[PDB]
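J.: I am sharing model32.txt, which consists of compact mmCIF, C-alpha atoms and all ligand atoms:
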```
# COMPACT_ATOMS: atom_id res chain seq x y z
CA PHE A 62 -30.18 86.53 240.59
CA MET A 63 -33.25 85.72 238.31
CA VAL A 64 -36.75 87.08 239.05
CA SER A 65 -40.11 85.25 238.42
CA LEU A 66 -41.66 85.13 234.98
CA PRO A 67 -45.03 86.91 234.79
CA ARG A 68 -48.26 85.04 234.12
CA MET A 69 -48.31 83.95 230.49
CA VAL A 70 -50.88 82.19 228.33
CA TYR A 71 -49.58 79.70 225.76
CA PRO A 72 -50.37 76.13 224.55
CA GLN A 73 -49.64 73.34 226.99
CA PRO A 74 -46.54 71.30 226.09
CA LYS A 75 -47.72 67.71 225.48
CA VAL A 76 -45.50 65.07 227.05
CA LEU A 77 -46.78 62.29 224.75
CA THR A 78 -46.45 64.43 221.55
CA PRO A 79 -42.87 65.10 220.22
CA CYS A 80 -42.23 68.63 218.82
CA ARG A 81 -40.53 67.35 215.74
CA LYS A 82 -40.60 63.72 214.75
CA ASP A 83 -38.40 64.13 211.67
CA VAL A 84 -35.17 65.36 213.31
CA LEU A 85 -32.98 64.82 216.38
CA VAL A 86 -33.79 67.68 218.82
CA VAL A 87 -31.37 66.80 221.64
CA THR A 88 -27.81 65.56 221.51
CA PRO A 89 -26.66 62.47 223.50
CA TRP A 90 -25.04 64.91 226.06
CA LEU A 91 -28.51 66.46 226.49
CA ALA A 92 -27.81 69.72 224.61
CA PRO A 93 -30.89 71.06 222.68
CA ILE A 94 -30.62 71.02 218.86
CA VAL A 95 -32.42 74.19 217.85
CA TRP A 96 -35.03 73.69 215.11
CA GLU A 97 -38.18 75.67 214.37
CA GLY A 98 -40.99 74.09 216.47
CA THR A 99 -38.73 73.25 219.46
CA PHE A 100 -39.01 76.61 221.25
CA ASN A 101 -41.58 79.05 222.47
CA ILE A 102 -39.92 82.43 221.68
CA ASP A 103 -42.22 84.40 224.06
CA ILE A 104 -41.05 82.29 226.98
CA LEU A 105 -37.35 82.64 226.03
CA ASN A 106 -37.63 86.40 225.34
CA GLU A 107 -39.04 86.90 228.84
CA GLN A 108 -36.31 84.85 230.49
CA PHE A 109 -33.60 86.78 228.62
CA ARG A 110 -35.11 90.29 228.97
CA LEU A 111 -35.49 89.79 232.73
CA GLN A 112 -31.69 89.22 232.84
CA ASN A 113 -31.12 92.41 230.76
CA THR A 114 -29.13 90.32 228.27
CA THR A 115 -26.61 91.96 226.02
CA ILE A 116 -25.51 90.09 222.89
CA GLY A 117 -22.28 90.95 221.10
CA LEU A 118 -22.15 90.16 217.37
CA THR A 119 -18.63 90.01 215.88
CA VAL A 120 -17.71 90.14 212.14
CA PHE A 121 -14.40 90.44 210.35
CA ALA A 122 -14.66 92.37 207.12
CA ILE A 123 -11.33 92.83 205.33
CA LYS A 124 -10.57 94.01 201.78
CA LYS A 125 -13.42 93.09 199.36
CA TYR A 126 -15.61 91.75 202.20
CA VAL A 127 -16.46 95.28 203.41
CA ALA A 128 -18.91 95.33 200.50
CA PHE A 129 -21.11 92.82 202.41
CA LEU A 130 -21.53 94.91 205.57
CA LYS A 131 -24.49 96.99 204.40
CA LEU A 132 -26.79 94.01 203.69
CA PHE A 133 -25.40 92.09 206.71
CA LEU A 134 -26.12 94.88 209.21
CA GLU A 135 -29.45 95.96 207.69
CA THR A 136 -30.82 92.40 207.81
CA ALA A 137 -29.43 91.84 211.38
CA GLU A 138 -31.44 94.92 212.35
CA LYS A 139 -34.59 93.17 211.06
CA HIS A 140 -33.96 89.66 212.40
CA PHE A 141 -31.13 89.41 214.97
CA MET A 142 -32.01 89.58 218.69
CA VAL A 143 -34.78 92.16 218.01
CA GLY A 144 -35.99 93.53 221.39
CA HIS A 145 -32.69 92.81 223.19
CA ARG A 146 -29.51 94.86 223.62
CA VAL A 147 -27.04 94.25 220.76
CA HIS A 148 -23.46 95.41 220.36
CA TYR A 149 -22.04 94.91 216.83
CA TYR A 150 -18.27 94.72 216.58
CA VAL A 151 -16.91 95.19 213.09
CA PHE A 152 -13.25 94.24 212.67
CA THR A 153 -12.00 95.81 209.46
CA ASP A 154 -8.95 97.13 207.60
CA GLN A 155 -11.14 99.90 206.08
CA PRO A 156 -12.85 101.82 208.95
CA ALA A 157 -14.05 104.60 206.58
CA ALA A 158 -15.76 102.10 204.22
CA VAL A 159 -18.14 100.78 206.95
CA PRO A 160 -21.67 101.80 205.71
CA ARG A 161 -23.77 104.06 207.94
CA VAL A 162 -26.63 101.76 208.91
CA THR A 163 -29.58 102.98 210.94
CA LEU A 164 -29.86 101.04 214.21
CA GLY A 165 -32.84 100.32 216.45
CA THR A 166 -32.91 101.57 220.02
CA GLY A 167 -30.64 99.67 222.48
CA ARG A 168 -28.32 98.68 219.68
CA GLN A 169 -24.85 99.91 218.99
CA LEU A 170 -21.91 99.41 216.66
CA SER A 171 -18.16 99.65 217.31
CA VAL A 172 -15.69 99.74 214.40
CA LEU A 173 -12.25 98.26 215.37
CA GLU A 174 -9.44 98.73 212.93
CA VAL A 175 -7.12 95.83 212.25
CA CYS A 196 -8.47 94.05 223.70
CA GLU A 197 -10.28 90.88 224.85
CA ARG A 198 -11.53 92.04 228.36
CA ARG A 199 -13.57 94.78 226.59
CA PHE A 200 -16.04 91.98 225.74
CA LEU A 201 -16.30 90.74 229.35
CA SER A 202 -17.40 94.11 230.58
CA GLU A 203 -19.64 94.92 227.62
CA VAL A 204 -21.66 91.87 226.66
CA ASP A 205 -23.07 88.63 228.15
CA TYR A 206 -22.81 86.56 225.02
CA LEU A 207 -20.66 86.65 221.91
CA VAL A 208 -21.96 85.47 218.51
CA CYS A 209 -19.19 85.13 215.91
CA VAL A 210 -20.22 85.04 212.27
CA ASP A 211 -19.08 85.46 208.70
CA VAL A 212 -20.00 88.78 207.04
CA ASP A 213 -20.83 87.42 203.51
CA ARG A 214 -24.35 86.40 204.64
CA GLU A 215 -27.73 87.97 205.27
CA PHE A 216 -30.45 87.37 207.84
CA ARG A 217 -33.70 86.20 206.18
CA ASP A 218 -35.66 85.17 209.31
CA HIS A 219 -35.62 85.25 213.11
CA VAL A 220 -32.27 84.62 214.89
CA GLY A 221 -33.00 85.20 218.53
CA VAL A 222 -32.29 84.24 222.14
CA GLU A 223 -33.11 80.51 221.48
CA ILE A 224 -29.41 80.27 220.42
CA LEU A 225 -27.94 81.64 223.63
CA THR A 226 -26.13 79.21 225.97
CA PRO A 227 -22.60 78.85 227.40
CA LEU A 228 -21.23 77.30 224.12
CA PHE A 229 -22.86 76.60 220.76
CA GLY A 230 -21.88 75.31 217.32
CA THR A 231 -23.94 75.21 214.12
CA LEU A 232 -24.43 72.20 211.82
CA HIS A 233 -22.71 72.71 208.48
CA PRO A 234 -25.53 72.61 205.83
CA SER A 235 -23.63 70.21 203.51
CA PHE A 236 -23.08 67.54 206.23
CA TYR A 237 -26.02 67.34 208.65
CA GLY A 238 -27.19 64.07 206.92
CA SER A 239 -23.67 62.67 206.45
CA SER A 240 -22.08 59.79 208.32
CA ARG A 241 -18.95 60.79 210.27
CA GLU A 242 -16.54 58.99 207.98
CA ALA A 243 -17.61 61.52 205.28
CA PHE A 244 -17.09 64.64 207.51
CA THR A 245 -14.19 66.72 206.19
CA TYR A 246 -12.29 66.75 209.55
CA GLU A 247 -8.50 67.05 209.60
CA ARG A 248 -7.41 63.41 209.09
CA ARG A 249 -3.62 63.68 209.50
CA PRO A 250 -2.45 62.59 212.98
CA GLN A 251 0.33 65.20 212.65
CA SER A 252 -2.23 68.06 213.06
CA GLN A 253 -3.65 69.28 216.42
CA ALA A 254 -7.04 69.28 214.59
CA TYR A 255 -6.76 65.52 213.89
CA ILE A 256 -9.97 63.52 214.27
CA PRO A 257 -9.99 59.78 213.39
CA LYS A 258 -12.70 58.10 211.31
CA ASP A 259 -14.43 56.46 214.31
CA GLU A 260 -14.78 59.78 216.16
CA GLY A 261 -17.03 62.81 215.75
CA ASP A 262 -20.55 63.90 216.58
CA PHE A 263 -21.31 66.49 213.97
CA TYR A 264 -19.60 68.63 211.39
CA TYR A 265 -19.78 72.26 212.63
CA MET A 266 -19.34 75.20 210.20
CA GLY A 267 -16.84 77.89 211.22
CA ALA A 268 -19.16 80.65 209.94
CA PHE A 269 -21.54 80.71 213.00
CA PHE A 270 -20.60 79.86 216.60
CA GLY A 271 -20.78 81.57 220.03
CA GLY A 272 -21.74 81.38 223.65
CA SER A 273 -20.79 83.21 226.86
CA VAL A 274 -17.87 85.60 226.61
CA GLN A 275 -15.70 83.28 228.76
CA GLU A 276 -16.53 80.22 226.66
CA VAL A 277 -15.91 81.95 223.34
CA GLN A 278 -12.55 83.36 224.55
CA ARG A 279 -11.57 79.79 225.72
CA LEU A 280 -12.47 78.36 222.30
CA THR A 281 -10.61 81.05 220.30
CA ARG A 282 -7.60 80.86 222.67
CA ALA A 283 -7.53 77.04 222.12
CA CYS A 284 -7.78 77.32 218.36
CA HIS A 285 -5.03 80.03 218.19
CA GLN A 286 -2.63 77.80 220.25
CA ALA A 287 -3.44 74.68 218.19
CA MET A 288 -2.89 76.59 214.91
CA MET A 289 0.54 77.86 216.06
CA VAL A 290 1.54 74.31 217.12
CA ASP A 291 0.56 73.19 213.59
CA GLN A 292 2.48 76.13 211.94
CA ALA A 293 5.59 75.22 213.99
CA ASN A 294 5.18 71.63 212.78
CA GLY A 295 4.80 72.69 209.12
CA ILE A 296 1.16 71.61 208.78
CA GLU A 297 -2.00 73.59 207.94
CA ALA A 298 -5.33 71.91 208.77
CA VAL A 299 -7.48 71.05 205.68
CA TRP A 300 -10.22 73.57 206.59
CA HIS A 301 -8.09 75.93 208.69
CA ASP A 302 -9.92 77.43 211.75
CA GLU A 303 -13.02 75.30 211.01
CA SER A 304 -10.97 72.13 211.39
CA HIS A 305 -9.76 73.33 214.82
CA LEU A 306 -13.29 74.42 215.75
CA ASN A 307 -14.45 70.88 215.06
CA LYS A 308 -11.65 69.37 217.18
CA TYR A 309 -12.51 71.78 220.05
CA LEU A 310 -16.27 71.04 219.97
CA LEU A 311 -15.60 67.30 219.85
CA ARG A 312 -13.61 67.46 223.12
CA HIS A 313 -15.74 70.26 224.74
CA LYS A 314 -19.36 69.47 223.86
CA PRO A 315 -21.44 72.56 223.02
CA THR A 316 -24.37 73.23 225.34
CA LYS A 317 -26.64 73.90 222.31
CA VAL A 318 -26.32 72.92 218.65
CA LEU A 319 -28.02 75.09 215.97
CA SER A 320 -29.67 73.33 213.03
CA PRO A 321 -28.74 74.33 209.49
CA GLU A 322 -31.67 76.74 209.52
CA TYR A 323 -28.99 79.05 211.07
CA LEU A 324 -26.46 78.59 208.26
CA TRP A 325 -28.03 77.81 204.83
CA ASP A 326 -27.21 78.25 201.12
CA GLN A 327 -30.41 78.04 199.17
CA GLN A 328 -28.52 78.34 195.84
CA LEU A 329 -26.36 75.28 196.57
CA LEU A 330 -28.87 73.30 198.63
CA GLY A 331 -32.43 74.37 197.82
CA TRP A 332 -35.13 74.36 200.48
CA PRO A 333 -35.72 70.92 201.94
CA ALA A 334 -38.88 70.00 203.85
CA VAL A 335 -36.86 69.48 207.05
CA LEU A 336 -36.03 73.24 207.06
CA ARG A 337 -39.10 75.22 208.07
CA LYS A 338 -37.17 78.50 208.18
CA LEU A 339 -34.04 79.73 206.39
CA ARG A 340 -32.71 82.25 208.91
CA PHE A 341 -29.08 83.16 208.03
CA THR A 342 -27.93 82.40 204.50
CA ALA A 343 -25.18 82.79 201.90
CA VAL A 344 -25.53 85.87 199.72
CA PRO A 345 -26.65 85.40 196.00
HG HG A 401 -15.97 86.24 218.25
HG HG A 402 -7.61 80.19 215.15
HG HG A 403 -11.73 78.01 216.37
```
Give the structure from the file, written as structure tokens.
Ligand SMILES: [Hg+2]
Ligand SMILES: [Hg+2]
Ligand SMILES: [Hg+2]
T.:
Amino acid sequence: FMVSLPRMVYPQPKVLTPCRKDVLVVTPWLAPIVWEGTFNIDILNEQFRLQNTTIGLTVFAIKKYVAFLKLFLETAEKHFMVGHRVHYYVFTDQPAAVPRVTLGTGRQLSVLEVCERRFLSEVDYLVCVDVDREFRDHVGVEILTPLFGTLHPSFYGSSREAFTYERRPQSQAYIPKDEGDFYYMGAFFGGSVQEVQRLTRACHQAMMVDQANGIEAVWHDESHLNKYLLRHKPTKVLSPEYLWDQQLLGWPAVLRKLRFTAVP
């Protein structure tokens, strides 16, 4: 039902001082855009611990991608939801090649060789990411919300006409040039179990419709993700801190932390 926070001592928020003056920190549908400086982690950890929050983390690692699991899981252990209950779900064609990674207390891993309600009974939130990445800094409960997408690192400063949406009206993923909020990357999204299952259900149906019609969206599931989040606005948006490639993009001033990154 949600118990009281304990007494806590922290700096007073200042109404007449913005957290960040260099970036947009709230969407026009009033969803926070999560940048370093916008959140007090101690406050958020308390709120989420008091609810006994469990976070599921899902990765698909097929064929050569199994090689990335060791670094992925080891760095998640250092940086992902530390202090909270975590259930890793590794979807893989090579169950025996999954590295044996030492987990912290309250954390567990299931290997599933390649049923949806499993998630509803096991976790509160689902975080769906690509495996060819490593955590380099804190990725915590600040991301948790009914539905979130992450700003693609190549497009956060782009105007919408430049976004690589599906542009053919024949595709279910079609977005015209005068539409679009952001360009979300397919490599990092999540939310409540119910919201994530709704999204992935919608994108599986749209992709079949397209297959039937002999069309494949320009950026595949990412194109459909972008269509879905246009029409169903995420309740938080994560800044590109949460999906970076320092080799391709460097380290701009506007990024105070590089949290989850492409592997060198
Ligand atoms: Hg997922
Ligand atoms: Hg899909
Ligand atoms: Hg999708």
J.: Hey, which bits of chain A sit within 10 Å of ligand HG 401 (chain A), and for each residue what's the closest pair of atoms and how far apart in Å (one decimal), counting all atoms listed in the file, rows by chain and increasing number, as JSON lines?
T.:
```
{"residue": "A:117", "atom": "CA", "partner": "A:HG401", "partner_atom": "HG", "distance": 8.4}
{"residue": "A:118", "atom": "CA", "partner": "A:HG401", "partner_atom": "HG", "distance": 7.4}
{"residue": "A:119", "atom": "CA", "partner": "A:HG401", "partner_atom": "HG", "distance": 5.2}
{"residue": "A:120", "atom": "CA", "partner": "A:HG401", "partner_atom": "HG", "distance": 7.5}
{"residue": "A:121", "atom": "CA", "partner": "A:HG401", "partner_atom": "HG", "distance": 9.1}
{"residue": "A:150", "atom": "CA", "partner": "A:HG401", "partner_atom": "HG", "distance": 8.9}
{"residue": "A:197", "atom": "CA", "partner": "A:HG401", "partner_atom": "HG", "distance": 9.9}
{"residue": "A:200", "atom": "CA", "partner": "A:HG401", "partner_atom": "HG", "distance": 9.4}
{"residue": "A:206", "atom": "CA", "partner": "A:HG401", "partner_atom": "HG", "distance": 9.6}
{"residue": "A:207", "atom": "CA", "partner": "A:HG401", "partner_atom": "HG", "distance": 6.0}
{"residue": "A:208", "atom": "CA", "partner": "A:HG401", "partner_atom": "HG", "distance": 6.0}
{"residue": "A:209", "atom": "CA", "partner": "A:HG401", "partner_atom": "HG", "distance": 4.1}
{"residue": "A:210", "atom": "CA", "partner": "A:HG401", "partner_atom": "HG", "distance": 7.4}
{"residue": "A:269", "atom": "CA", "partner": "A:HG401", "partner_atom": "HG", "distance": 9.4}
{"residue": "A:270", "atom": "CA", "partner": "A:HG401", "partner_atom": "HG", "distance": 8.1}
{"residue": "A:271", "atom": "CA", "partner": "A:HG401", "partner_atom": "HG", "distance": 6.9}
{"residue": "A:272", "atom": "CA", "partner": "A:HG401", "partner_atom": "HG", "distance": 9.3}
{"residue": "A:274", "atom": "CA", "partner": "A:HG401", "partner_atom": "HG", "distance": 8.6}
{"residue": "A:277", "atom": "CA", "partner": "A:HG401", "partner_atom": "HG", "distance": 6.7}
{"residue": "A:278", "atom": "CA", "partner": "A:HG401", "partner_atom": "HG", "distance": 7.7}
{"residue": "A:280", "atom": "CA", "partner": "A:HG401", "partner_atom": "HG", "distance": 9.5}
{"residue": "A:281", "atom": "CA", "partner": "A:HG401", "partner_atom": "HG", "distance": 7.7}
```
J.: Given a cut-off of 9 Å, what residues near ligand HG 402 (chain A) show up using all atoms listed in the file, put as a list in words?
T.: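 Listed by chain and ascending number, the contacts are residues 280, 281, 282, 283, 284, 285, 286, 287, 288, 289, 301, 302, 303, 305 and 306 of chain A.
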J.: May I have the residues at most 10 Å from (-32.5, 94.1, 210.5) in the file's coordinates, counting all atoms listed in the file, as a VMD selection string?
T.: chain A and resid 132 to 143 162 to 165 215 to 219
J.: Just want the 9 Å neighbourhood of residue 252 in chain A, counted on only C-alpha atoms, with same-chain residues fewer than 4 positions away dropped. Output as a PyMOL selection string.
T.: chain A and resi 247-248+287-288+290-291+294+296-298
J.: With C-alpha atoms kept, could you save the residues just selected as a PDB file, in the coordinates of the input?
T.:
```pdb
ATOM      1  CA  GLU A 247      -8.500  67.050 209.600  1.00  0.00           C
ATOM      2  CA  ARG A 248      -7.410  63.410 209.090  1.00  0.00           C
ATOM      3  CA  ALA A 287      -3.440  74.680 218.190  1.00  0.00           C
ATOM      4  CA  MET A 288      -2.890  76.590 214.910  1.00  0.00           C
ATOM      5  CA  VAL A 290       1.540  74.310 217.120  1.00  0.00           C
ATOM      6  CA  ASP A 291       0.560  73.190 213.590  1.00  0.00           C
ATOM      7  CA  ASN A 294       5.180  71.630 212.780  1.00  0.00           C
ATOM      8  CA  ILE A 296       1.160  71.610 208.780  1.00  0.00           C
ATOM      9  CA  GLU A 297      -2.000  73.590 207.940  1.00  0.00           C
ATOM     10  CA  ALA A 298      -5.330  71.910 208.770  1.00  0.00           C
TER      11      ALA A 298
END
```
J.: Distance CA of residue 231 in chain A-CA of residue 321 in chain A, one decimal place?
T.: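 Distance between the two atoms: 6.7 Å.
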J.: Axis-aligned box over every listed atom of range 127-135 of chain A, padded by 8 Å per side: centre and edges in Å to one decimal, as JSON?
T.:
```
{"center_x": -23.0, "center_y": 94.5, "center_z": 204.9, "size_x": 29.0, "size_y": 20.9, "size_z": 24.7}
```
J.: In terms of the shortest atom-to-atom distance over only C-alpha atoms, which of A:240, A:273, A:304, A:202 is closest to residue 256 in chain A?
T.: A:304
J.: Which one of A:152, A:265, A:62, A:96 sits closest to ligand HG 403 (chain A) if you count all atoms listed in the file?
T.: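 Ranking A:152, A:265, A:62, A:96 by distance to ligand HG 403 (chain A), first place goes to A:265.
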J.: Pick the closest to residue 90 in chain A from A:69, A:311, A:130, A:147: which is it, counting all atoms listed in the file?
T.: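 Closest candidate: A:311.
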